[PDB]
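Undergrad: I am attaching a structure below and will ask some questions about it afterwards.
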Amino acid sequence: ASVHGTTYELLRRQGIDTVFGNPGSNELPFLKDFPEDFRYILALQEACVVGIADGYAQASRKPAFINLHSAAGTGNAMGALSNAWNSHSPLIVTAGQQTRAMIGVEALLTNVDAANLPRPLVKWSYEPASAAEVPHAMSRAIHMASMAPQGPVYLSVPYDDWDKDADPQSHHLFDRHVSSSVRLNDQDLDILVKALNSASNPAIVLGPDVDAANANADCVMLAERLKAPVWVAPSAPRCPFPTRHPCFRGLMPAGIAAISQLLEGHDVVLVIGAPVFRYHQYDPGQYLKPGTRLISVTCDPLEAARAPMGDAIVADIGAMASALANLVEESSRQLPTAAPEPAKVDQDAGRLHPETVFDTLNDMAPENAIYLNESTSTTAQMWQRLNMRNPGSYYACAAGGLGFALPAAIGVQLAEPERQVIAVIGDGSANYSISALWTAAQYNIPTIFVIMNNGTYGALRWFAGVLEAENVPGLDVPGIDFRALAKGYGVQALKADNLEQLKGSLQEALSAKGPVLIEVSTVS
Amino acid sequence: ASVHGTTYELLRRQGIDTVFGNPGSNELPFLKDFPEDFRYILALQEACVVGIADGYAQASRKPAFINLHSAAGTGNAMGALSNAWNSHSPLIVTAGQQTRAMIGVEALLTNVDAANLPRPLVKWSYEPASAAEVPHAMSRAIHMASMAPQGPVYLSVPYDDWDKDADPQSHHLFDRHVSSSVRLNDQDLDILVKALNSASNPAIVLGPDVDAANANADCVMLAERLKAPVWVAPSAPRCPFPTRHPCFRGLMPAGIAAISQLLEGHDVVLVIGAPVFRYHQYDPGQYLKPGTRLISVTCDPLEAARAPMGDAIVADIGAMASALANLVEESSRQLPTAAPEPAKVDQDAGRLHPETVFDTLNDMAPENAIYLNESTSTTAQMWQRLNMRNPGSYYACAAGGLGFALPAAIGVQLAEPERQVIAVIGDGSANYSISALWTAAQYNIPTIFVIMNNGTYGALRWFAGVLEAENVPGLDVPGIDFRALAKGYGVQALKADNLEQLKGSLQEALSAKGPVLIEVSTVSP
Amino acid sequence: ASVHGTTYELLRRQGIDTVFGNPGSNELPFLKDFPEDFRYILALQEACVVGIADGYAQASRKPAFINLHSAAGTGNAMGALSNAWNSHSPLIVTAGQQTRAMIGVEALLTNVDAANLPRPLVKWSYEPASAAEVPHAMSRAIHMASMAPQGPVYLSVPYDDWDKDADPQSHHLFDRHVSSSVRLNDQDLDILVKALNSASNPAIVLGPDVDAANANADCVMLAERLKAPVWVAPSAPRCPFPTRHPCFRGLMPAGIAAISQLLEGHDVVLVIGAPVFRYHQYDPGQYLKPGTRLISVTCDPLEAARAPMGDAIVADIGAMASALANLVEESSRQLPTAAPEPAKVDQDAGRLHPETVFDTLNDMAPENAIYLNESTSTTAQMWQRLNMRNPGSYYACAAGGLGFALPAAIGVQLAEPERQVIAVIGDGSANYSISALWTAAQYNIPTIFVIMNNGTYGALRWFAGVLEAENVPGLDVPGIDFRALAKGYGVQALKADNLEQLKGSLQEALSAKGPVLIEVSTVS
Ligand SMILES: Cc1ncc(C[n+]2csc(CCOP(=O)(O)OP(=O)(O)O)c2C)c(N)n1
Ligand SMILES: Cc1ncc(C[n+]2csc(CCOP(=O)(O)OP(=O)(O)O)c2C)c(N)n1
Ligand SMILES: Cc1ncc(C[n+]2csc(CCOP(=O)(O)OP(=O)(O)O)c2C)c(N)n1
Ligand SMILES: [Ca+2]
Ligand SMILES: [Ca+2]
Ligand SMILES: [Ca+2]
Ligand SMILES: [Mg+2]
């Protein structure tokens, strides 16, 4: 059989049946005779390709397969790869290389030093030394992406390899099962469980790997047993806990001092599936107060090594959450009281306050809606105001790289055609991957895009205000017509200048047949 | 003085007065107190930032300075950087890093292993070990970008460094003059000149570094003296020669066999300012036919090393072109035989043949117009049908990475406000960096964008055919309304469905005072 | 406190008390005021420094701390690092950098692009962005080296950092405990155990990570329960099983076809703590023969991904071995019968056959002796003739890089003062790290070095025969006097041109209280 045929067999055997791509000549010999059982999702720029794939992978909890064009295409996607690294997204990124005979002379489209291009943003990066090695290399990519801690990988393939003969011993690859579903040994796990049982005032902090593992329900049981308040770790890329459950306490501020203060008085803090911690703002202070001990369960050795405090256990989040939830004692302590619902903010007939927008989404959106956040200046409000009962309900750019949410929302909606996806996106952020709108239109993926238009890079303006930095250029983005941009790519567009228009647009969008963009006039 | 003050002084003293950027929090400490003698050019996505800066650098023939946001911003620009590497564009790329106190924990926005991120697409990548070193690092970046062979460099700076004290000895950096304007020693140069004078049937091949060096006029004189046919090297990022001058033979096809055939019978082939060669399609054959020797003059040791044939000389293209032009003897040989005229393809009343588009542009555009090309299936015809007689009249993505021409056209037009820029871009290519349109509107940069809309990735459909490849997905791009995209970003838009609308649209565009986009309905392949 | 004092405090708190180094001016600010609770072990060249630390780490089963001089010193050690990578040795490699103020001008002894220098042979490689970060970076280094899969790490430190003020919050690093002692979840472990219980003809293959984990005894119990033959995986850097135990079947040949033939008719092959597989010679064929299924337990995701056949589980070897050993049922099958004793080779009164050397060693050496192998051409014979009953009894260069055995034997002897270390090295290999001898002399480390002098690169000469390769230069190394070399570095030296002198030299050597080298005239 050919490398071509063997590789598609390996993919399908390993559960992959979709290719997210933007095509090129180095990739045609891979894409020719495209298997009918495979689906190809085209996007018009590679940041969009990767972002869609990323949303798909994250929501589906399985690897996604990407096909890019040489160095230029790979390059266009490297911002998106920065997010994917930080979210542990299992992405198999393949790029076409020139024919081996023309690599030496560096003909046009030659990916020079190809494996180094995507570093340091990939778990594994590789170009095979012969055509017959390609299926084995593809097998390595699949598993490296899929093993804890999950993340993106890179495979570069000379386009003349595909038509060559595959090693018949490659059949050994098709059905390999590789597991990293592991948990702490019995002896040490017992020691951990006793420490949890003995805590007089425990707290739990959850990160994105909990939602990726679908460990949310186990985490709920664990919290209910320990009678423990539950926080989301800072700079949250996903939502790992029902936000109206009694133990929930919200999103932790991304600051060193703020967090040690929040945790003051808690004798044991159990962190699951988070870096410790993804701080952001300068907020110097104590990592922890005396009296607080921290214990981290992470799937990522890199996270365990760099935590500035606490003990760490490196293991699968699914396996560990389930074990803990089922082993700890039911504490007789009082179950935490649910946090008070957010207070309504006075809204005039002027421009919308973000608080108003989120309140209104909460009232109108389905219970199983999925939200995406690319409105940096309104994240705190969004966390306080949306009731997210179910797993897989929130995605935001894990590395802070703009250009994630608009394409990722399309990927998520493809992964979950039964759950209404709603992407809330700043006017500044909307532009980075604006062409992804075309894929929603073309593939009939009915994502709803809510553009928060305040004419500025608002978070930046605020920060500038905090540093008392004057004469900063480039903070204002006037003069974009988002309804026209939507029409450009074939997506239905609506506008909302006040709350009542917001209500009507959301009503129309929820019921519309295709994707819908709503441009919302908000206050800076 | 602060690192901030010292850095800005270094920059102005080294001739930089423009920052192309898309700002972020790590860069705020650098952008604050923005000096009145600098201008900032904002663009909405980093591929656009770098593309605009790239066009500006190439047309102005001077380094351009860029400021991006950490890893994500840098990442978003790495396609553009791929082109800049191949074009030898002198781009100084700076990106903000987390405050040093928070790098260890890898706080959000931390550029991990920052210097490795843009490798291998940069001549130099670095993060300084202390705040006081920033100015020195910046100086290294300026000179690494500017020395032959020019190209992009990268510097990562922790945002807390800017307010720190700068080494007082930094002042020695301000007026540093570094030169690589060098040519072959007299002895060996004379041997080269003798070889040219002795050749019975010399041929000249010119690459983009000729136009970068503004050596075009010197190459014209060289070609005339030797009465030599002049090619442009394949996959041309620039135009190094007047395309209707009698020596001009055309753009070489990017094929090994094709090129060796074109050079058949030429005893000495002189290549100047090109890789040998930037082939593309698979065209197996001889690199050179027997009886033909090749001598390459390149500014780039990497090009000299990888050439599969020929002698090479690594030197400044400007200095070598000038010396050779003035040293070689005047041959009494006959000039090359006149090239035929391109056919006027019959045009019905419907969608436009690209040949029609190019013939019309060439009839209506000013003699000093500057074209950009990201209409990939139409390149051959474009080169056959446009008379480009002046230096700096053509730019195309040097690494074949789409998303170059649209922003680059804005930067070129910014660099040359007296010459009308006309960017010819396929409907597929138009999307990669569509948001650059906003920069043209906001700063009122009057670039003309001609979108060739055939509804497909035409060059890919063609290659799929040649390869006889069936059931290739993803080659069609229906359903994009470029007039609405234009409106979206505040750019005037026109539509041209036939020849008469094309003429009328171009006439209005050429008169217009701001940027203008024309969507042209072209024939489908 | 200073970065210096805070860093030594971290070191001691994390169990480190020994520094293996070859000093330089960038390192003097670190080495000054050397704590009284630490010892420094000097060697004269950096490949020796690392080899010795490597032997020490592997034997002690704990990380080893190393301090080298900038780029040149690091560079001299990079062959030693190749071996340490392949053996998963937990080595913390520190190197001094120029003072921060001079790095930009690239003063002499600046380590340029320092973190890239030891790539790709280290798990983590880093230069801190500030002095106050050094302790934290050291903590990262300690934990990245020590987490499964263990391996070498690199940390570069500008020499001016040590006298600067530390971060007061560094104290949170001192007592961090980081575990990767994990095993497969109960449900999937039960499935694995069932497969093993149900197999009709199992086989077990053990690699070096078994010996690293001190899982040998659990593996013995597992083999005994399952009544299964036990191989050692090819290219063995350690001995994971008692070699005269009845299940033991020896070292597998390092070939694809040789291995599938060995495993033919074994329905389930369980591999533990080995790559799958470290083949060497070209020996094309089937990875497995039909009817064999393979299950790999590895501590290393990179091993699991690259196996061309079988299933894998990525987990701690110690935890998994112990679990399986205690869960599997006692098979009714008959316990495998021990391998026949090695036949005595005809030995005349001249130069020694290697077979004769090993029998003599085996007959004279103490039961708890530890051997090291750097005699490539006699590896097979060695495994068959040395009775090794105990764990930690064998070390050979895991990446095949010469220069390991001599210094590593010194490290091992330092780690195991009550066990006699005997290094068997070829006259060719002896030279690569000859100066390590001095360290043994200076610290009175009583290793025994047996040099097998045949005046040629025997393995190469042989290979050349199988390649039918004529006119290969550089295969012969005549004219080396190893006794004078030993004397050169202060080590007592003996000779053995025949069996009789071999016996007497060995008796002397074993009695010796200091190091002893024995030059032995072997055939070929
Ligand atoms: C790819 C990328 N480029 C630049 C930045 C820097 N940055 C972070 S937030 C921000 C402003 C976002 O604007 P908008 O989407 O309007 O959100 P708002 O602040 O207005 O709520 C910018 C420019 C980034 N994080 N990622
Ligand atoms: C960033 C990037 N992505 C993908 C490609 C592969 N590619 C090269 S030409 C081409 C088609 C371009 O189509 P269009 O711009 O419409 O011009 P046409 O081919 O129709 O003349 C594609 C997809 C590329 N060169 N660069
Ligand atoms: C650092 C290094 N250099 C070169 C080699 C290649 N090599 C492997 S074995 C060998 C010869 C070893 O001979 P000797 O140590 O005398 O033992 P013999 O082969 O004679 O049994 C060589 C050169 C290597 N493995 N490592
Ligand atoms: Ca905004
Ligand atoms: Ca097209
Ligand atoms: Ca030998
Ligand atoms: Mg890189």
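Quick note on naming: the chains in the structure tokens go A, B, ... in the order shown, residues restart at 1 in each chain, and ligands are numbered from 1 in order of appearance.
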Can you pull out every residue with an atom within 8 Å of ligand 4? Use only C-alpha atoms and all ligand atoms and format it as a list in words.
TA: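 Selection of residues at most 8 Å from ligand 4: residues 375, 377, 426, 427, 428, 429, 452, 453, 454, 455, 456, 457, 458, 459, 477 and 524 of chain A.
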Undergrad: If you keep N, CA and C atoms, can you produce a file of those selected residues as a compact mmCIF listing (two decimals), in the first residue's frame?
TA:
```
# COMPACT_ATOMS: atom_id res chain seq x y z
N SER A 375 -13.59 39.24 25.19
CA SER A 375 -13.84 40.61 25.62
C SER A 375 -13.08 40.85 26.92
N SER A 377 -11.90 43.14 28.68
CA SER A 377 -12.28 44.17 29.64
C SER A 377 -13.58 43.86 30.40
N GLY A 426 -14.72 41.37 21.79
CA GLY A 426 -14.40 42.78 21.65
C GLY A 426 -14.27 43.21 20.20
N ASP A 427 -14.51 44.50 19.95
CA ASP A 427 -14.36 45.04 18.60
C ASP A 427 -12.90 44.96 18.17
N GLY A 428 -11.98 45.09 19.11
CA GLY A 428 -10.56 44.96 18.78
C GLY A 428 -10.20 43.52 18.40
N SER A 429 -10.65 42.58 19.22
CA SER A 429 -10.37 41.17 19.00
C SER A 429 -11.00 40.59 17.76
N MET A 452 -18.81 43.18 20.99
CA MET A 452 -18.91 44.28 21.92
C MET A 452 -18.14 45.46 21.32
N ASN A 453 -18.85 46.40 20.73
CA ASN A 453 -18.20 47.56 20.13
C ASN A 453 -18.17 48.82 21.00
N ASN A 454 -17.00 49.09 21.57
CA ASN A 454 -16.77 50.35 22.27
C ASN A 454 -15.70 51.21 21.61
N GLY A 455 -15.31 50.86 20.39
CA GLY A 455 -14.41 51.66 19.58
C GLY A 455 -12.96 51.71 20.05
N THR A 456 -12.61 50.87 21.02
CA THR A 456 -11.28 50.93 21.58
C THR A 456 -10.76 49.58 22.08
N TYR A 457 -9.44 49.51 22.24
CA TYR A 457 -8.79 48.44 22.99
C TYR A 457 -8.90 48.76 24.47
N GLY A 458 -10.07 48.46 25.04
CA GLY A 458 -10.46 49.00 26.33
C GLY A 458 -9.57 48.57 27.48
N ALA A 459 -9.24 47.29 27.53
CA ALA A 459 -8.37 46.76 28.57
C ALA A 459 -7.02 47.47 28.56
N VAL A 477 -9.67 52.01 17.99
CA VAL A 477 -10.01 51.35 16.72
C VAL A 477 -11.37 51.81 16.17
N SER A 524 -17.38 52.37 26.73
CA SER A 524 -15.94 52.17 26.88
C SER A 524 -15.57 52.00 28.35
```
Undergrad: Mind the document's chain letters and residue numbers, and return as a ChimeraX atom specification the residues of region 314-491 of chain A that DSSP labels strand (DSSP E or B).
TA: /A:314,352,370-374,394-396,421-426,448-453,456,476
Undergrad: Could you take the residues named above and write them with N, CA, C and O atoms, as an mmCIF file, in the first residue's frame?
TA:
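Just written: out-v1.cif:
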```cif
data_model
loop_
_atom_site.group_PDB
_atom_site.id
_atom_site.type_symbol
_atom_site.label_atom_id
_atom_site.label_comp_id
_atom_site.auth_asym_id
_atom_site.auth_seq_id
_atom_site.Cartn_x
_atom_site.Cartn_y
_atom_site.Cartn_z
ATOM 1 N N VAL A 314 1.864 14.537 39.854
ATOM 2 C CA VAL A 314 1.679 14.576 38.400
ATOM 3 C C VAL A 314 0.942 13.334 37.928
ATOM 4 O O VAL A 314 1.473 12.239 38.020
ATOM 5 N N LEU A 352 -24.832 50.078 25.960
ATOM 6 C CA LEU A 352 -24.905 48.962 26.900
ATOM 7 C C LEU A 352 -23.688 48.833 27.798
ATOM 8 O O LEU A 352 -22.522 48.922 27.335
ATOM 9 N N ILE A 370 -23.085 27.330 25.058
ATOM 10 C CA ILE A 370 -21.643 27.341 25.244
ATOM 11 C C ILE A 370 -21.128 28.745 24.954
ATOM 12 O O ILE A 370 -21.400 29.306 23.895
ATOM 13 N N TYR A 371 -20.396 29.315 25.904
ATOM 14 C CA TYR A 371 -19.906 30.680 25.764
ATOM 15 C C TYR A 371 -18.412 30.741 25.469
ATOM 16 O O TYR A 371 -17.635 29.922 25.957
ATOM 17 N N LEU A 372 -18.022 31.729 24.672
ATOM 18 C CA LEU A 372 -16.617 31.987 24.395
ATOM 19 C C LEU A 372 -16.323 33.451 24.697
ATOM 20 O O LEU A 372 -17.103 34.333 24.338
ATOM 21 N N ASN A 373 -15.206 33.704 25.367
ATOM 22 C CA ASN A 373 -14.878 35.053 25.803
ATOM 23 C C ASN A 373 -13.627 35.634 25.154
ATOM 24 O O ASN A 373 -12.521 35.133 25.351
ATOM 25 N N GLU A 374 -13.814 36.702 24.386
ATOM 26 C CA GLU A 374 -12.703 37.458 23.824
ATOM 27 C C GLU A 374 -12.933 38.944 24.072
ATOM 28 O O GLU A 374 -12.537 39.793 23.275
ATOM 29 N N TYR A 394 -17.524 27.037 28.391
ATOM 30 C CA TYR A 394 -16.770 28.274 28.342
ATOM 31 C C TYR A 394 -15.391 28.016 27.723
ATOM 32 O O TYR A 394 -14.688 27.074 28.129
ATOM 33 N N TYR A 395 -15.022 28.838 26.744
ATOM 34 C CA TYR A 395 -13.659 28.851 26.239
ATOM 35 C C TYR A 395 -13.146 30.296 26.072
ATOM 36 O O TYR A 395 -13.859 31.173 25.560
ATOM 37 N N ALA A 396 -11.903 30.522 26.490
ATOM 38 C CA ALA A 396 -11.234 31.807 26.295
ATOM 39 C C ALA A 396 -9.753 31.559 26.027
ATOM 40 O O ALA A 396 -9.204 30.576 26.536
ATOM 41 N N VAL A 421 -23.807 27.810 20.512
ATOM 42 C CA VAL A 421 -22.582 28.504 20.845
ATOM 43 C C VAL A 421 -22.724 30.044 20.703
ATOM 44 O O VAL A 421 -23.214 30.555 19.685
ATOM 45 N N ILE A 422 -22.278 30.763 21.727
ATOM 46 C CA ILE A 422 -22.342 32.226 21.740
ATOM 47 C C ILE A 422 -20.993 32.816 22.095
ATOM 48 O O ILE A 422 -20.501 32.668 23.220
ATOM 49 N N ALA A 423 -20.397 33.479 21.116
ATOM 50 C CA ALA A 423 -19.070 34.049 21.282
ATOM 51 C C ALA A 423 -19.211 35.545 21.538
ATOM 52 O O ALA A 423 -19.739 36.253 20.715
ATOM 53 N N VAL A 424 -18.737 35.983 22.696
ATOM 54 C CA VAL A 424 -18.673 37.387 23.055
ATOM 55 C C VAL A 424 -17.240 37.930 22.824
ATOM 56 O O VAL A 424 -16.290 37.529 23.483
ATOM 57 N N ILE A 425 -17.130 38.880 21.913
ATOM 58 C CA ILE A 425 -15.870 39.269 21.316
ATOM 59 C C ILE A 425 -15.766 40.791 21.199
ATOM 60 O O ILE A 425 -16.627 41.420 20.607
ATOM 61 N N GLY A 426 -14.721 41.367 21.794
ATOM 62 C CA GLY A 426 -14.402 42.784 21.649
ATOM 63 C C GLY A 426 -14.273 43.210 20.202
ATOM 64 O O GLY A 426 -13.990 42.398 19.314
ATOM 65 N N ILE A 448 -23.354 32.042 17.029
ATOM 66 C CA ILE A 448 -23.763 33.428 17.203
ATOM 67 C C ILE A 448 -22.578 34.218 17.696
ATOM 68 O O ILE A 448 -21.920 33.823 18.658
ATOM 69 N N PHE A 449 -22.294 35.343 17.028
ATOM 70 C CA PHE A 449 -21.151 36.176 17.390
ATOM 71 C C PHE A 449 -21.658 37.497 17.908
ATOM 72 O O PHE A 449 -22.363 38.205 17.195
ATOM 73 N N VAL A 450 -21.314 37.809 19.146
ATOM 74 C CA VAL A 450 -21.712 39.058 19.788
ATOM 75 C C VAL A 450 -20.507 39.964 19.872
ATOM 76 O O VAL A 450 -19.622 39.741 20.681
ATOM 77 N N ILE A 451 -20.484 41.000 19.044
ATOM 78 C CA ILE A 451 -19.380 41.946 19.045
ATOM 79 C C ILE A 451 -19.639 43.090 19.979
ATOM 80 O O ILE A 451 -20.573 43.885 19.804
ATOM 81 N N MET A 452 -18.811 43.182 20.993
ATOM 82 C CA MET A 452 -18.911 44.283 21.919
ATOM 83 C C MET A 452 -18.135 45.456 21.321
ATOM 84 O O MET A 452 -16.903 45.504 21.384
ATOM 85 N N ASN A 453 -18.854 46.402 20.727
ATOM 86 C CA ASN A 453 -18.204 47.562 20.127
ATOM 87 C C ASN A 453 -18.167 48.815 20.997
ATOM 88 O O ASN A 453 -19.170 49.516 21.143
ATOM 89 N N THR A 456 -12.613 50.873 21.021
ATOM 90 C CA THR A 456 -11.278 50.932 21.585
ATOM 91 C C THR A 456 -10.763 49.582 22.076
ATOM 92 O O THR A 456 -11.526 48.640 22.272
ATOM 93 N N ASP A 476 -6.952 53.105 19.988
ATOM 94 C CA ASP A 476 -8.302 53.339 19.483
ATOM 95 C C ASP A 476 -8.535 52.703 18.132
ATOM 96 O O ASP A 476 -7.700 52.846 17.230
#
```
Undergrad: Could I get the residue neighbourhood of ligand 7 at 8 Å, counting only C-alpha atoms and all ligand atoms, as a PyMOL selection string?
TA: (chain A and resi 116-121) or (chain B and resi 116-121)
Undergrad: B:466, B:155, B:141, B:460: which is nearest residue 128 (chain B), counting only C-alpha atoms?
TA: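 Of B:466, B:155, B:141, B:460, the one nearest residue 128 (chain B) is B:155, counting only C-alpha atoms.
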Undergrad: Any idea which chain A residues end up within 6 Å of chain C if we count only C-alpha atoms, as a list in words please?
TA: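 Matching residues, ligands excluded from the count: residues 140, 143, 172, 173, 176, 177, 178, 179, 180, 181, 182, 183, 184, 185, 305, 306, 309, 310, 311, 312, 313 and 314 of chain A.
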Undergrad: If you keep N, CA, C and O atoms, can you produce a file of those selected residues as a tab-separated table (two decimals), in the first residue's frame?
TA:
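Dumped to part34.tsv:
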```
chain	number	residue	atom	x	y	z
A	140	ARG	N	3.50	8.53	15.98
A	140	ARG	CA	4.09	9.32	17.04
A	140	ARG	C	3.39	10.66	17.27
A	140	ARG	O	3.20	11.03	18.43
A	143	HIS	N	-0.05	10.06	19.16
A	143	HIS	CA	0.11	9.74	20.56
A	143	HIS	C	0.72	10.86	21.36
A	143	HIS	O	0.27	11.08	22.47
A	172	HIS	N	1.10	-2.58	12.12
A	172	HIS	CA	1.21	-2.67	13.58
A	172	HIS	C	0.83	-1.36	14.28
A	172	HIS	O	0.59	-1.35	15.49
A	173	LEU	N	0.78	-0.27	13.53
A	173	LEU	CA	0.45	1.03	14.10
A	173	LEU	C	-1.05	1.22	14.28
A	173	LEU	O	-1.46	1.94	15.19
A	176	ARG	N	-2.75	0.44	17.94
A	176	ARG	CA	-2.10	0.78	19.21
A	176	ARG	C	-2.99	1.63	20.13
A	176	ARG	O	-3.60	2.62	19.72
A	177	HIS	N	-3.06	1.20	21.39
A	177	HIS	CA	-3.75	1.93	22.45
A	177	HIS	C	-2.70	2.37	23.43
A	177	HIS	O	-1.94	1.55	23.97
A	178	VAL	N	-2.63	3.69	23.62
A	178	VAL	CA	-1.65	4.27	24.50
A	178	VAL	C	-2.41	5.00	25.59
A	178	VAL	O	-3.24	5.87	25.31
A	179	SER	N	-2.14	4.61	26.84
A	179	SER	CA	-2.84	5.21	27.96
A	179	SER	C	-1.93	6.00	28.92
A	179	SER	O	-0.85	5.56	29.34
A	180	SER	N	-2.41	7.16	29.32
A	180	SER	CA	-1.81	7.79	30.45
A	180	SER	C	-2.86	8.07	31.52
A	180	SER	O	-2.75	9.04	32.27
A	181	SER	N	-3.87	7.21	31.60
A	181	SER	CA	-4.90	7.33	32.62
A	181	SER	C	-4.43	6.72	33.97
A	181	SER	O	-4.93	5.72	34.47
A	182	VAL	N	-3.58	7.51	34.64
A	182	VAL	CA	-2.92	7.06	35.85
A	182	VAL	C	-3.24	7.93	37.08
A	182	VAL	O	-3.65	9.10	36.98
A	183	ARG	N	-3.06	7.33	38.25
A	183	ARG	CA	-3.25	8.07	39.48
A	183	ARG	C	-2.26	7.62	40.55
A	183	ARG	O	-1.60	6.60	40.42
A	184	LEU	N	-2.13	8.45	41.57
A	184	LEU	CA	-1.18	8.25	42.64
A	184	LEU	C	-1.33	6.84	43.22
A	184	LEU	O	-2.46	6.35	43.37
A	185	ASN	N	-0.21	6.18	43.51
A	185	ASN	CA	-0.26	4.87	44.17
A	185	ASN	C	-1.11	4.90	45.46
A	185	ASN	O	-1.30	5.95	46.11
A	305	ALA	N	6.82	21.43	38.19
A	305	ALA	CA	8.16	21.90	38.45
A	305	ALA	C	8.19	23.42	38.73
A	305	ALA	O	8.94	23.84	39.59
A	306	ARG	N	7.34	24.20	38.07
A	306	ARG	CA	7.50	25.66	38.16
A	306	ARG	C	6.63	26.30	39.26
A	306	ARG	O	6.77	27.49	39.54
A	309	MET	N	5.32	27.13	45.12
A	309	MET	CA	4.95	26.65	46.44
A	309	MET	C	4.11	25.39	46.32
A	309	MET	O	3.51	25.11	45.28
A	310	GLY	N	4.08	24.66	47.43
A	310	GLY	CA	3.15	23.56	47.60
A	310	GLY	C	3.75	22.24	47.18
A	310	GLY	O	4.79	22.20	46.50
A	311	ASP	N	3.06	21.17	47.55
A	311	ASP	CA	3.35	19.84	47.02
A	311	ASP	C	2.69	19.63	45.66
A	311	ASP	O	1.75	20.34	45.27
A	312	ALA	N	3.18	18.67	44.89
A	312	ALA	CA	2.58	18.42	43.60
A	312	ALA	C	2.54	16.92	43.32
A	312	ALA	O	3.42	16.15	43.75
A	313	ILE	N	1.48	16.52	42.62
A	313	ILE	CA	1.33	15.15	42.14
A	313	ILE	C	1.06	15.23	40.66
A	313	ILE	O	0.11	15.90	40.24
A	314	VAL	N	1.86	14.54	39.85
A	314	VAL	CA	1.68	14.58	38.40
A	314	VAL	C	0.94	13.33	37.93
A	314	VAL	O	1.47	12.24	38.02
```
Undergrad: Could you name the residues that touch residue 459 (chain B) at 10 Å or less, counting only C-alpha atoms, but leaving out those on the same chain fewer than 6 positions away, as JSON, numbers by chain?
TA: {"A": [24, 25], "B": [375, 376, 377, 378, 465, 475, 525]}
